[PDB]
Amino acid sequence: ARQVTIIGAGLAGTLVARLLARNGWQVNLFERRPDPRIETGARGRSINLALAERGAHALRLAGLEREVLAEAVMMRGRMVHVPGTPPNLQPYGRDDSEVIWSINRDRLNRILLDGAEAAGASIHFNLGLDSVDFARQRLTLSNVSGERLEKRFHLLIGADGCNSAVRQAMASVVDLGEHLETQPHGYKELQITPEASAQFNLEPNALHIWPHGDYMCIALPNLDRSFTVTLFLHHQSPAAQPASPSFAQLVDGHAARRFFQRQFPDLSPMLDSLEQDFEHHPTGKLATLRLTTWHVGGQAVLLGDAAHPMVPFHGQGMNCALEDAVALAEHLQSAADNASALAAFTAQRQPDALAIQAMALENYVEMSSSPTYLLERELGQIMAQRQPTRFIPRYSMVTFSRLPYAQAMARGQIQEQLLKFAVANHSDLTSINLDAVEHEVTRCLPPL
């Protein structure tokens, strides 16, 4: 039996552990955190994620989708909140087949952990990877107390997140050609209780957005009608706009309250613990990190956030990480050797990870920001109606299809250009020749 050591019992790590273990691999998974399945008296906060077709299909292949979806809230559309007007619901797709799912992170990780162990993987918690000796094929782990433990490894999988220790170790033996692109927005998690969401009639079966240009809030629902709210706001005010809102200007919870009362007036009343949440939850950082290579020969490979940290604005980090786990397990299972598997996995996945990193950066303006855009969208709907197998909105290709991200982006670019061009020098839909635009759709977009 082939042997593998996985670092990080997160989403990609636990999924790949299950897929490999059920194929008879000897799997050892090391996780720095404690086992979340060991119930304690601690009050841990609820992070929600938007699971879409790529992640759901990865779970489906692993036989875990039904279990995960049983604990997920259906989000049928995007509810845009602009003060003064009732919330506007933009359905995400054609029917209830085209939805996204709000899942609690902890519930998903419990299901994945159980799944990896049921398949035969051994999971070792409270052990963080500190260093790797590639030459000797040994690694060093430590607990929170700092006691070190050395292990031999045959194949190392870095599923250890955005700040991957495996990536750091690899960067000492190979040039990973890393390029870090900082992101000016920090984030803060806030909570809406079930009583508050019910009192203010906040729709449970939707993803909620409070656009505000350079900053915004999003809220995802929980099974108990509570919502996790994420505030995205610049860490610092830029030199050109020193008065522009930023986390630096929000000195405490009281300042956060005044900011929400002025900028998000219909949201502030739903945030009962705003002051406490603001002061006790730390401000998180966002980034895009791109690598030229994801592996060291046949010895080690990265996947998920360890390979390609991305900005959160497309809700695709988990979806991409789970899609990577399937691809990795498939390549490892069938290749001539690990070196061939890792090179083929990297060659397949890197262009797609680059595409979603670019599309996620682009999606910020689509959420938080129009006269020319409405005519483009109006023309886009007719083209999608006339040609639904050809003209598929980019959000739908990324969210509801398994088309390689690079292809979703390429078709998205053709569509965006087509619309931008077609509307240029036209006041309305009457002056636009619909059959001419449709001919360009048939000429440039093959049916899928």
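Each residue number is its position in the shown sequence, starting from 1. Whichever C-alpha set is largest while still superposing within 1.5 Å between the two forms counts as the rigid core.
Taken in 7 other deposited structures of this protein and fitted on the core, 83-91 and 180-188 differ in how far their Cα atoms move from the shown form, and the one that moves more is 83-91. Relative to the displayed structure, the C-alphas of 235-243 lie farther away on average in 7 other deposited structures of this protein than those of the other candidate, with 319-327 and 235-243 compared after rigid core superposition. The stretch of deposited sequence separating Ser172 from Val173 contains no residues lacking coordinates in this entry. When 431-439 is weighed against 17-25, 431-439 comes out higher, by mean CA B-factor as recorded in the entry. In this entry, 91-99 has the higher mean Cα B-factor, the comparison being between 91-99 and 71-79.
For the set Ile382, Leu49, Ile38, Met409, the PDB entry puts the maximum C-alpha B factor at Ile382.
Set against one another, the Cα B-factors of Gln350, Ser244, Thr193, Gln333 in the record reach their highest point at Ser244. Per-chain ranking of the deposited C-alpha B factor places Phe30 in the lowest third. Ranked by C-alpha B-factor against the other modelled residues of its chain, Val251 falls in the highest third. Sort the chain's modelled residues by C-alpha temperature factor and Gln168 lands in the middle third, per the entry. Annotation for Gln299: CA B-factor lies in the lowest third of the chain's modelled residues. Placement of the Cα temperature factor of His281 within the chain: highest third of the modelled residues, per the deposited record.
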